[PDB]
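Pasting a structure below so you can have a look.
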Amino acid sequence: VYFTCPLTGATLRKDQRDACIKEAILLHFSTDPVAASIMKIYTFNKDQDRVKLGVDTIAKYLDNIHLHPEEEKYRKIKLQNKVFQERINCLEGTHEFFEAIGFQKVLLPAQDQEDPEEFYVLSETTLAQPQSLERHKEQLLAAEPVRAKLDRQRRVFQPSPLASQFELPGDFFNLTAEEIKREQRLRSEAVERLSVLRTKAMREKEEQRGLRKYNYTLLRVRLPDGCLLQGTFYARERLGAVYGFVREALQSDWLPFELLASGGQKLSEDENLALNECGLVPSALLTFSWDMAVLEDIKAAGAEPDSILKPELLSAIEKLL
Amino acid sequence: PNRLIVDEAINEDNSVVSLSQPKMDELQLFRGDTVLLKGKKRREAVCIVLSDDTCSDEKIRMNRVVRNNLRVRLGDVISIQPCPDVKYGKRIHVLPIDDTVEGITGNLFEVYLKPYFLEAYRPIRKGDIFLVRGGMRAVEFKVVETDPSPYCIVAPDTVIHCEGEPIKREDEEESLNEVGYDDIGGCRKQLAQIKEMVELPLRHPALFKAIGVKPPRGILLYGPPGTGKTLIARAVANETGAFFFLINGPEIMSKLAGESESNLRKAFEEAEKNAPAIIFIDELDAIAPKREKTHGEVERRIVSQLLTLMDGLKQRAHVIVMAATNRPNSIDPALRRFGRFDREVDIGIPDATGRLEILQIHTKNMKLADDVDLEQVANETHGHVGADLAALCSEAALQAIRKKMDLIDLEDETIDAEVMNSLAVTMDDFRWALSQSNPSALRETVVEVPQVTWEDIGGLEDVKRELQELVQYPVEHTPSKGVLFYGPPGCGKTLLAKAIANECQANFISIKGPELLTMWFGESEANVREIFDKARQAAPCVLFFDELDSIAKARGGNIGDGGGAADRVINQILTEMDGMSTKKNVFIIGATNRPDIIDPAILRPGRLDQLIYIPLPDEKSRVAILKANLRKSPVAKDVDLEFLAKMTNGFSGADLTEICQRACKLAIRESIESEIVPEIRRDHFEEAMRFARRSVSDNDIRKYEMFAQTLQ
Amino acid sequence: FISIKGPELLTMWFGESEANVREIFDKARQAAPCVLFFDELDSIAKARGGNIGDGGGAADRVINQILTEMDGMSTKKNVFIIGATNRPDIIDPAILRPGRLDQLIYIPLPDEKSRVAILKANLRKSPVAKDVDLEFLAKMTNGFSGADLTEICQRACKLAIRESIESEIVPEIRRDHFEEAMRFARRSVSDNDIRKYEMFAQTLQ
Ligand SMILES: Nc1ncnc2c1ncn2[C@@H]1O[C@H](COP(=O)(O)OP(=O)(O)O)[C@@H](O)[C@H]1O
Ligand SMILES: Nc1ncnc2c1ncn2[C@@H]1O[C@H](COP(=O)(O)OP(=O)(O)O)[C@@H](O)[C@H]1O
């Protein structure tokens, strides 16, 4: 499965996504330190519940000094505060954000301890104009993690009749000693499994072995003109993204059509179901047909519907062998 | 490479096969892609491939229609070759097979071919034979012309033509209406046992020809009439290809001396000539009754001739003899000696699940109305066997036929297909047929998986765990093979045995006092051997001996007659228990309410080594019991079950049930009286408590506690 | 050695097939030299009620046929008869008369020195680590029978084997295997059963 890195445009595999995006965010600090630290807070940290609490606690510190900009006790954010330590100090990228939006990291004597404590102290340049922090606060709170976009890898194929021409050896149908002994052992084991007296826990331990193999799917569409349209989808993707994918591939993206699933169930564009709920994962072929309303006009006008896809995709058609 | 062993289908559809996903990934084909299957005699078939969670990695699942087109059988190997180049067809010419279009006329396309292919996009190859069901007939068609070649996918724009006379079936083509494995409903385990014993020597005869060790010479199928004894024998022969020879008692016994024995041995000679072959002898007890029952020369001589013919099977290679009887003890015991008919299978009576499957089989060709609920029918048809469910479906169809045909008024040799197409069997027609049908196996014991679950038992949290450990430990890792339950009545002894059987999906055999007493009273304790033999055949099962002291009590209990704690039946039970191993997948549970008068032999090492006390429920358990009993009814929020449980300190689980049932009855009465309220109110429980009493006294609890401490 | 079990004596009575008693003694005559062992001699008295029963004695069809065959068996055929029961108080006294099973031997639960001997004997087939304290185990298993002491040693053997097999995915049974075995082993004979046997033995003087 292939993805596009949102910050670079690079082509990556499923395992290479975090490595490239993280590097792009760390380099982005040379253009916009605030935007880079915002991406770093949401992207690097896997625990999004803590990230949401972290950025909300940062927003409160910024509004506190906004309400009382003349009081020095709101100008310094203590890094050892119970709420700061749990929500902000535990996340990667939160320190870079404070520096990016005008806070200096300093050590100040404590009111009751000899050891100096860590503070983020807002400079006079930014404190004089609260509008800067107010914009940076909204830029952090409205942000999302950076994740590589799934590459559809839109391709059209033309099957070659040569792939179906093959003859078997004369001994093909003569089974070996291992194949015959294995089959008889499976018959004896199947009778034994039906005879075994076991609890539900033992039954589930065996059944559960088939539950974890797939999270992506490859879909193909068989078109009336003999062409095959293929693309890549996430297991949780909705049926509406498949209709949008096909519409982009069609010569006429506006012309009504239906997609029929391999089990005989018609998939409607208005049905917001996931591909792993409709039985289209890890792979499936869909059957393409135009709506009957337009087919009646096409036939009545004497027009042969000899082209389904746009020439922009067909010029790159590959053969299947 | 790219070749799998042919197995049975799960999806009955004729255009699809199922693979295990890892093989579809190696073949680089997707769910719904069209593939070719390469079979024997340079034949091929085109179909759609899907996947499921049950197909073996090295097998392909396909139904009878696909196997016949490939001229292959279960256990063979075929090659899978994806063919994405298949295009949509323009014109396909399909004609019926004459063998299945007889007595029926009209427009077969509109009734059968059109809805079958319409928007189905089924792959079709020239020469294919496929089955379309409807109109209470099974009509199959052969494809004679395709504009594209040699195969295509039918589309809504494809012309479907059907002009010409029906096609006469070729001698190499088998009828799809012949009984096979897909026509057998319940008794799946028994069919699997026959496969293990029979399919190998028939599909791979060379494995037994090169060695001096013969395959099983005879299999005795026994059980009530109408359970599928003959159906299994025919299905196995038809699926493997072995020649099937039908013999029955009356056919041989009706013949005169000399002719009778000649016909019996002639059939055996024919089986050798047509080997591999299966010889099915029905009513074995009629052809070979016990000799001591008659002085006739013909009856003795026929038994002797059958005995020698069975022994001659060491020469008649690849011939297997199967026989059917009502009971294994109703036949001449000589047949069951080493060899001959030393292997037997108990077919039994289908349970609720099997009965539903049987009904679905008989309705294969039947058009049902939307209100028909075959699962509800299967639940009501207790005591019925497949022969009775076949009659049930036929009678329901005949009632529907009369209702509509009396409006059609067509008097001719054939009936139009459109008339049959519009005919449907509704719930009123099955309900009528149920009232007229009478089960043939109502007196025989029905053994099935119980429906009692752990949520139906209040309290006893530790006993639930103990039973799960006793069954789970010998499977996950000498373990005991039985437990005795003792304590006051009405605390869940029976439910515990059923609930563990339920969770294990094990058969539950319920033996009650009256059954133990009947065997004692009639001096028929020999039936205990059949009970334990049933427990083995029913494995996995829980064999529950309730009221173990019912005979000791009937003989006096506290006073006594000529006996004491032991009797005819208990001693035979002790005998059989010594012959049952922990590996037989049978868990024996006993119960008694009077442990002081029970034969102590049952608790000796090797038998009921586990001993569990079931006390009266405590306060939190009584609440759980009340909630379980009311789990199936609407209850108002004003009902305080915890307060009730606090009061009913001396009540057993059975006594708390009476309170719940009285409150339910009162709610029903009030609702009916108002119609002439929708939920059970506190007023109904307050009235119920006025009549309910504790059934277990304080002195009885002391009796049980003393026993518990005596044995520890 | 010919093993005759209670279920055979019980079936013969209920099925009115005492002729099978002759088959048992005839087999012993033909198998000679042999020891004909009649287990569960109490099964006949129990069949008549055992703990309750009627008001009569223990005499019945099966015991009468057995006693008849015993009287007709000569010691010159090299056939010796041994009986056993777990309920000696209800054995038909006729079988204890001169010419029958007149000799009575009491077999109690093993004592302190016997239990150690049993634990040691069961381990002759496997190496035993020096840290295994068999006398300590015998002291704890005061209420255990020889059958229960065997389970302890055999379970410890299985546990040592389990570890040995796993080590290749050990050369001897270690103290940990015996201490673990003690977690599952239980006594099969209760204190009330012991007193019943001791009181009977005392009654015989
Ligand atoms: N277990 C079963 N599954 C499906 N159908 C069954 C079963 N048992 C009986 N039948 C049906 O009942 C009839 C049995 O009649 P028959 O061929 O005489 O067999 P038998 O009398 O030996 O059961 C058939 O119509 C068969 O389809
Ligand atoms: N522990 C329990 N939990 C729930 N219901 C119980 C319990 N014990 C008894 N009952 C009620 O008593 C009825 C009879 O139980 P059953 O197990 O048949 O008693 P027994 O085993 O003494 O014949 C059941 O219908 C059930 O509703």
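Using the numbering of Swiss-Prot, the residues shown for chain C are 539-707, 728-763, in order.
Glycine is no exception: its Cβ is also placed from the backbone N, Cα and C atoms.
Okay, these came from Swiss-Prot:
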type	residues	note
MOD_RES	C:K668	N6-acetyllysine
MOD_RES	C:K668	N6-succinyllysine
MOD_RES	C:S702	phosphoserine
MOD_RES	C:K754	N6-acetyllysine
Using C-alpha atoms only, work out the spacing between the residue listed as 'phosphoserine' and C:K668 (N6-acetyllysine) and round it to an integer in Å.
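Rounded to a whole number, the Cα-Cα distance is 18 Å.
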Using the structure shown, find which entry in C:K668, C:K754 (the modified residues) has the sparsest Cβ neighbourhood within 10 Å.
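Among the modified residues C:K668, C:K754, the sparsest Cβ neighbourhood within 10 Å belongs to C:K668.
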Can you give me the Cα-Cα distance between C:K754 (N6-acetyllysine) and C:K668 (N6-acetyllysine) in Å, rounded to a whole number?
39
Specify the count of other C-beta atoms within 10 Å of the C-beta of C:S702 (phosphoserine).
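There are 13 such Cβ atoms around C:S702 (phosphoserine).
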Secondary structure at the residue listed as 'phosphoserine' (DSSP, helix/strand/coil)?
helix
